[PDB]
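Take a look at this single chain in structure tokens; it is the form deposited in one PDB entry.
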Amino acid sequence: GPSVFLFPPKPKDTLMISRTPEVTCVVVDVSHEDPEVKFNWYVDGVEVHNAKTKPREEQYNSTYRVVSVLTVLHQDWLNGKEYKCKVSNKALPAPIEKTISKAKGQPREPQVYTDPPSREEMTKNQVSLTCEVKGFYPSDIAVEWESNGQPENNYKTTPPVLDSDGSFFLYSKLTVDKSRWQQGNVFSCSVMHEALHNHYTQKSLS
């Protein structure tokens, strides 16, 4: 019969109050004989009624796919509230229930350190600026680079790695030509994480 998938908000949407985090409940393999789909949403077991369900959409494999979106409150998600999607369909023996929440566990604030290019690499035409983020929990995190208000997008970040103390770490490598680095330009590593003050911090390098 039908199958339900429940997806969390985009991590960056949970960390910036300016943005609207949403949870998305997707039902696939809805038949033509049983096309009616009913969604019920609960927040910590309390039924809520402000969800937005889109009209069914027929797929190329002859099934219907229907989606329901519930906006979530910034503080609710961060405070660990649980979001239950309940899907009812005539072709089902009983309704399907899916629950989702923010990654659970005691939060731990990242420590952010920047490291300049080593001497050996300062013989190359391009040098690595490194941002070390360690000791954070949970693993949800965003890292960007900037200089003079404008973003520096020639960077790559490792996934979070589980450390031996149960927290996470990662590294972010921004590559700039010596041209800008030897002029003394300030480059900034920006880190977003729930456990930071305002979920934000930045460390500069020069």
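All residue numbers are counted from 1 along the displayed sequence.
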query	finding
Greater mean Cα temperature factor according to the PDB record, 152-160 or 136-144	152-160
Mean temperature factor over C-alpha atoms, higher-scoring stretch between 9-17 and 191-199	9-17
Criterion, highest CA B-factor; candidates, 105, 80, 110, 116	116
Chain third (lowest, middle, highest) by recorded CA B-factor, residue given as residue 90	highest
CA B-factor placement of residue 176, once the chain's modelled residues are sorted into thirds	highest
B-factor third for the C-alpha atom of residue 101 within its chain	lowest
Residue 30 - which third its CA temperature factor falls in, relative to the rest of the chain	highest
Modelled-residue ranking by C-alpha temperature factor, third containing residue 126	highest
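The form deposited with a partner chain bound exists for this protein as well; it is not shown, and the discussion that follows is about that form.
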item: Contact flag, residue 15 vs the partner chain in the entry with it bound, heavy atom cut 4.5 Å; value: yes
item: The partner chain contact in the entry with it bound: residue 55, any heavy atom under 4.5 Å; value: no
item: Residue 140 within 4.5 Å of the partner chain in the entry with it bound, heavy atoms; value: no
item: Residue 149, heavy atom within 4.5 angstroms of the partner chain in the entry with it bound; value: yes
